[PDB]
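Encoded as structure tokens, the structure appears first; notes follow it.
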Amino acid sequence: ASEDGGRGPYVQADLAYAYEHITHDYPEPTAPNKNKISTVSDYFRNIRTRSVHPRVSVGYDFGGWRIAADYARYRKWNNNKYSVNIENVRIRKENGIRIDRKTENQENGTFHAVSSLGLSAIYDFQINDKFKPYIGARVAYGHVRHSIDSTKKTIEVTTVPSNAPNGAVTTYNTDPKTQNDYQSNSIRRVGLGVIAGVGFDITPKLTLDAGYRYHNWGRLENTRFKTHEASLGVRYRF
């Protein structure tokens with residue numbers, strides 16, 4: 001570092017996405033059948049208002065490689081002010097309905113991974129003069145392990161029904177079928193993905209960036225969520 005240059009911290013915030021639903025209908029031949037505002041209830045659970053979309057990306061810029069980390073924060077835990085019995089469990093209001101979950105419906109959602117640490121290496125190329133192409137890969141980690149280790153012995157009181165046969169005498173290789181044989185039960189799935197885009201700066205301080213957020217290529221396109229929230233991004237670097 002013979003010269004200070006302009007190497008150092010920068011802050012990024014992605015946004016864009018577009019949609020067009022029956023948000024604003026154009027009734028006329030069916031006569032007015034809507035209320036003043038039509039309060040949403042059974043028709044819609046809620047959506048919007050809760051959990052907007054912070055997702056903040058910050059890092060350090062070095063002519064070449066760039067380190068970036070994404071934080072979501074919020075694990076359904078309400079720490080609130082250090083106090084006990086802050087909220088009253090009993091309420092005078094008759095209305096309640098804590099869970100609207102319906103049977104024989106099993107609505108789709110997200111529960112595999114919520115609020116987790118994200119780290120990815122993206123590369124800024126000083127190859128060009130005014131715009132550098134961005135390319136890298138994602139490595140996603142989250143809280144899944146608490147204790148350092150269980151026990152040295154792996155013997156369990158419960159007998160594993162997956163593979164009881166062993167052919168003590170005669171008869172061997174009776175079961176040639178593949179067996180997954182799952183050990184520890186951990187829903188928390190690890191995640192990998194890729195990040196790419198191109199930035200056109202007025203100066204490193206103001207740059208227009210086309211950003212794309214995609215998942216890792218696995219067994220066919222079975223990925224649930226797509227871009228989710230990506231297309232255009234603005235990032236500031238002194």
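The way I read the labels, and the way they are meant: chains A, B, ... in the order of the structure tokens, residue 1 as the first residue of every chain, and ligand 1 as the first ligand shown, with later ones counted on from there.
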Exercise. Leaving out residue 17 (chain A) and any residue of its chain fewer than 6 positions from it, which residues lie within 12 Å of it when counting only C-alpha atoms, given as a PyMOL selection string?
Worked result: chain A and resi 210-213+226-233
Please, could you write that set of residues out with N, CA and C atoms as a PDB file, in the first residue's frame?
ATOM      1  N   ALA A 210     -26.651  -3.327 -12.507  1.00  0.00           N
ATOM      2  CA  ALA A 210     -27.662  -4.333 -12.782  1.00  0.00           C
ATOM      3  C   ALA A 210     -27.286  -5.543 -11.943  1.00  0.00           C
ATOM      4  N   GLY A 211     -28.095  -5.850 -10.930  1.00  0.00           N
ATOM      5  CA  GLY A 211     -27.791  -6.963 -10.024  1.00  0.00           C
ATOM      6  C   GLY A 211     -28.730  -8.138 -10.207  1.00  0.00           C
ATOM      7  N   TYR A 212     -28.150  -9.335 -10.148  1.00  0.00           N
ATOM      8  CA  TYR A 212     -28.905 -10.576 -10.278  1.00  0.00           C
ATOM      9  C   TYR A 212     -28.551 -11.521  -9.138  1.00  0.00           C
ATOM     10  N   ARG A 213     -29.569 -11.981  -8.418  1.00  0.00           N
ATOM     11  CA  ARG A 213     -29.371 -12.915  -7.314  1.00  0.00           C
ATOM     12  C   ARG A 213     -29.944 -14.263  -7.727  1.00  0.00           C
ATOM     13  N   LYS A 226     -37.115 -17.404  -6.930  1.00  0.00           N
ATOM     14  CA  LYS A 226     -36.304 -17.006  -8.081  1.00  0.00           C
ATOM     15  C   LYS A 226     -35.393 -15.842  -7.692  1.00  0.00           C
ATOM     16  N   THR A 227     -35.520 -14.728  -8.407  1.00  0.00           N
ATOM     17  CA  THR A 227     -34.712 -13.547  -8.120  1.00  0.00           C
ATOM     18  C   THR A 227     -35.096 -12.968  -6.762  1.00  0.00           C
ATOM     19  N   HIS A 228     -36.360 -13.152  -6.389  1.00  0.00           N
ATOM     20  CA  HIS A 228     -36.867 -12.649  -5.116  1.00  0.00           C
ATOM     21  C   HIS A 228     -36.858 -11.124  -5.100  1.00  0.00           C
ATOM     22  N   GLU A 229     -35.665 -10.540  -5.075  1.00  0.00           N
ATOM     23  CA  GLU A 229     -35.532  -9.084  -5.063  1.00  0.00           C
ATOM     24  C   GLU A 229     -34.188  -8.670  -5.651  1.00  0.00           C
ATOM     25  N   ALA A 230     -34.118  -8.613  -6.978  1.00  0.00           N
ATOM     26  CA  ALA A 230     -32.881  -8.222  -7.643  1.00  0.00           C
ATOM     27  C   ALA A 230     -33.136  -7.831  -9.097  1.00  0.00           C
ATOM     28  N   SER A 231     -32.304  -6.930  -9.603  1.00  0.00           N
ATOM     29  CA  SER A 231     -32.416  -6.460 -10.980  1.00  0.00           C
ATOM     30  C   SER A 231     -31.610  -5.176 -11.134  1.00  0.00           C
ATOM     31  N   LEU A 232     -31.848  -4.224 -10.231  1.00  0.00           N
ATOM     32  CA  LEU A 232     -31.117  -2.957 -10.237  1.00  0.00           C
ATOM     33  C   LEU A 232     -30.595  -2.700  -8.839  1.00  0.00           C
ATOM     34  N   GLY A 233     -29.431  -2.097  -8.753  1.00  0.00           N
ATOM     35  CA  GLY A 233     -28.828  -1.803  -7.468  1.00  0.00           C
ATOM     36  C   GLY A 233     -27.974  -0.558  -7.558  1.00  0.00           C
TER      37      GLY A 233
END
Exercise. What's the 12 Å shell around region 30-45 of chain A, counting only C-alpha atoms, without same-chain residues fewer than 6 positions away, as number ranges by chain?
Worked result: A: 24, 97-102, 107
Written file, previous selection with C-alpha atoms, as a PDB file, in the first residue's frame:
ATOM      1  CA  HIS A  24     -56.805  -1.634  -9.031  1.00  0.00           C
ATOM      2  CA  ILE A  97     -57.411 -16.200  16.389  1.00  0.00           C
ATOM      3  CA  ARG A  98     -53.674 -16.618  16.939  1.00  0.00           C
ATOM      4  CA  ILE A  99     -53.359 -19.118  14.066  1.00  0.00           C
ATOM      5  CA  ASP A 100     -55.366 -18.982  10.820  1.00  0.00           C
ATOM      6  CA  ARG A 101     -53.742 -22.159   9.501  1.00  0.00           C
ATOM      7  CA  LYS A 102     -56.318 -24.207   7.571  1.00  0.00           C
ATOM      8  CA  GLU A 107     -50.130 -23.591   2.394  1.00  0.00           C
TER       9      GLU A 107
END
Problem set entry | Contacts of residue 131 (chain A) within 12 Å, only C-alpha atoms, excl. fewer than 3 positions in-chain, as a list in words |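 Final neighbour list, sorted by chain and number: residues 124, 125, 126, 127, 128, 134, 197, 198, 199, 200, 201, 202, 203, 204, 206, 207, 208, 209 and 210 of chain A.
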For this session: Would you list, as a PyMOL selection string, the residues of region 37-136 of chain A that end up in strand (DSSP E or B) under DSSP run on this structure's backbone?
Result: chain A and resi 56-61+64-71+117-124+131-136
Next, the residues of the selection above should be written as an mmCIF file, in the first residue's frame with C-alpha atoms.
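Result written to result-v8.cif:
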data_model
loop_
_atom_site.group_PDB
_atom_site.id
_atom_site.type_symbol
_atom_site.label_atom_id
_atom_site.label_comp_id
_atom_site.auth_asym_id
_atom_site.auth_seq_id
_atom_site.Cartn_x
_atom_site.Cartn_y
_atom_site.Cartn_z
ATOM 1 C CA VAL A 56 -28.131 -4.773 3.742
ATOM 2 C CA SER A 57 -24.858 -5.483 1.929
ATOM 3 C CA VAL A 58 -21.647 -3.803 3.130
ATOM 4 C CA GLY A 59 -17.956 -4.462 2.539
ATOM 5 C CA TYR A 60 -14.457 -3.303 1.564
ATOM 6 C CA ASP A 61 -13.344 -2.539 -2.001
ATOM 7 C CA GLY A 64 -9.748 -6.973 -7.735
ATOM 8 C CA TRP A 65 -11.499 -8.988 -5.000
ATOM 9 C CA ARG A 66 -14.304 -7.627 -2.804
ATOM 10 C CA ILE A 67 -15.627 -8.948 0.521
ATOM 11 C CA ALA A 68 -19.365 -8.605 1.139
ATOM 12 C CA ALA A 69 -21.667 -9.736 3.937
ATOM 13 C CA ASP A 70 -25.477 -9.745 4.025
ATOM 14 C CA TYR A 71 -27.462 -9.488 7.271
ATOM 15 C CA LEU A 117 -25.459 -15.113 8.104
ATOM 16 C CA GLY A 118 -24.464 -14.675 4.447
ATOM 17 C CA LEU A 119 -20.918 -14.224 3.105
ATOM 18 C CA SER A 120 -19.843 -14.109 -0.540
ATOM 19 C CA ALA A 121 -16.741 -13.118 -2.487
ATOM 20 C CA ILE A 122 -17.501 -10.821 -5.435
ATOM 21 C CA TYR A 123 -14.815 -9.472 -7.774
ATOM 22 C CA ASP A 124 -14.519 -5.880 -8.956
ATOM 23 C CA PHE A 131 -17.427 0.051 -15.533
ATOM 24 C CA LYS A 132 -16.234 -3.203 -13.929
ATOM 25 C CA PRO A 133 -18.092 -6.553 -14.391
ATOM 26 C CA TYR A 134 -18.915 -8.319 -11.094
ATOM 27 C CA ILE A 135 -18.611 -12.088 -10.628
ATOM 28 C CA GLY A 136 -18.401 -14.433 -7.609
#
Problem set entry | Residues within 10 Å of residue 53 (chain A), only C-alpha atoms, excluding chain neighbours under 5 positions, as a ChimeraX atom specification | /A:14-15,72,229
Seminar exercise, completed: Closest of A:155, A:190, A:16, A:11 to residue 116 (chain A), counting only C-alpha atoms, is A:190
Exercise. Between CA of residue 54 (chain A) and CA of residue 13 (chain A), what is the spacing in Å?
Worked result: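 Here the two named atoms are 8.5 Å from each other.
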For this session: Considering only C-alpha atoms, return as a PyMOL selection string whatever protein or nucleic-acid residues lie within 10 Å of residue 216 (chain A), sequence-local ones (same chain, fewer than 4 positions apart) excluded.
Result: chain A and resi 137-138+191-195+221+223
Those selected residues, please, written with N, CA, C and O atoms and delivered as a CSV table (one decimal), in the first residue's frame.
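Below is the file selection-v7.csv, written as the result:
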chain,number,residue,atom,x,y,z
A,137,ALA,N,-19.2,-16.1,-6.0
A,137,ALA,CA,-20.1,-17.2,-5.5
A,137,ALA,C,-20.5,-16.9,-4.0
A,137,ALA,O,-19.8,-16.2,-3.3
A,138,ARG,N,-21.6,-17.5,-3.6
A,138,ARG,CA,-22.1,-17.4,-2.3
A,138,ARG,C,-21.9,-18.6,-1.4
A,138,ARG,O,-22.1,-19.7,-1.9
A,191,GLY,N,-26.7,-23.4,2.4
A,191,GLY,CA,-27.1,-22.8,1.1
A,191,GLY,C,-25.9,-22.2,0.3
A,191,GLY,O,-25.1,-21.6,0.9
A,192,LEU,N,-26.0,-22.4,-1.0
A,192,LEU,CA,-25.0,-21.9,-1.9
A,192,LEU,C,-25.7,-21.3,-3.1
A,192,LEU,O,-26.8,-21.7,-3.5
A,193,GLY,N,-25.1,-20.2,-3.6
A,193,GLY,CA,-25.7,-19.5,-4.8
A,193,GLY,C,-24.6,-18.7,-5.5
A,193,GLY,O,-23.4,-18.8,-5.2
A,194,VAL,N,-25.0,-17.9,-6.5
A,194,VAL,CA,-24.1,-17.1,-7.2
A,194,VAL,C,-24.5,-15.6,-7.4
A,194,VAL,O,-25.7,-15.3,-7.3
A,195,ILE,N,-23.6,-14.7,-7.5
A,195,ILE,CA,-23.9,-13.3,-7.6
A,195,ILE,C,-23.2,-12.7,-8.8
A,195,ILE,O,-22.0,-12.9,-9.0
A,221,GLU,N,-34.1,-27.4,-12.5
A,221,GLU,CA,-34.6,-26.2,-12.0
A,221,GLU,C,-35.8,-26.4,-11.0
A,221,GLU,O,-36.9,-26.2,-11.3
A,223,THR,N,-35.7,-25.1,-7.9
A,223,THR,CA,-35.6,-24.0,-6.9
A,223,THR,C,-37.0,-23.3,-6.8
A,223,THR,O,-37.6,-23.0,-7.8
Seminar exercise, completed: CA of residue 74 (chain A) to CA of residue 188 (chain A) measures 16.3 Å
Surrounding residues of residue 112 (chain A) excluding itself and chain neighbours under 2 positions, 9 Å, only C-alpha atoms, as a JSON list (two decimals) with N, CA, C and O atoms, in the first residue's frame:
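Just written: result-v6.json:
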[["chain", "number", "residue", "atom", "x", "y", "z"],
["A", 110, "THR", "N", -41.96, -20.57, 3.91],
["A", 110, "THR", "CA", -40.52, -20.75, 4.15],
["A", 110, "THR", "C", -40.26, -21.11, 5.62],
["A", 110, "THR", "O", -40.74, -20.43, 6.52],
["A", 114, "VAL", "N", -34.38, -19.33, 8.23],
["A", 114, "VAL", "CA", -34.87, -17.98, 8.51],
["A", 114, "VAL", "C", -33.80, -17.18, 9.25],
["A", 114, "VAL", "O", -33.21, -17.67, 10.22],
["A", 187, "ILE", "N", -32.92, -29.77, 10.17],
["A", 187, "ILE", "CA", -33.69, -29.13, 9.12],
["A", 187, "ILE", "C", -32.88, -28.00, 8.49],
["A", 187, "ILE", "O", -32.90, -27.81, 7.27],
["A", 188, "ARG", "N", -32.16, -27.26, 9.32],
["A", 188, "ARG", "CA", -31.33, -26.16, 8.84],
["A", 188, "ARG", "C", -30.45, -26.63, 7.69],
["A", 188, "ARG", "O", -29.44, -27.29, 7.91],
["A", 189, "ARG", "N", -30.85, -26.29, 6.47],
["A", 189, "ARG", "CA", -30.08, -26.70, 5.28],
["A", 189, "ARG", "C", -29.05, -25.64, 4.92],
["A", 189, "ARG", "O", -29.33, -24.44, 4.98]]
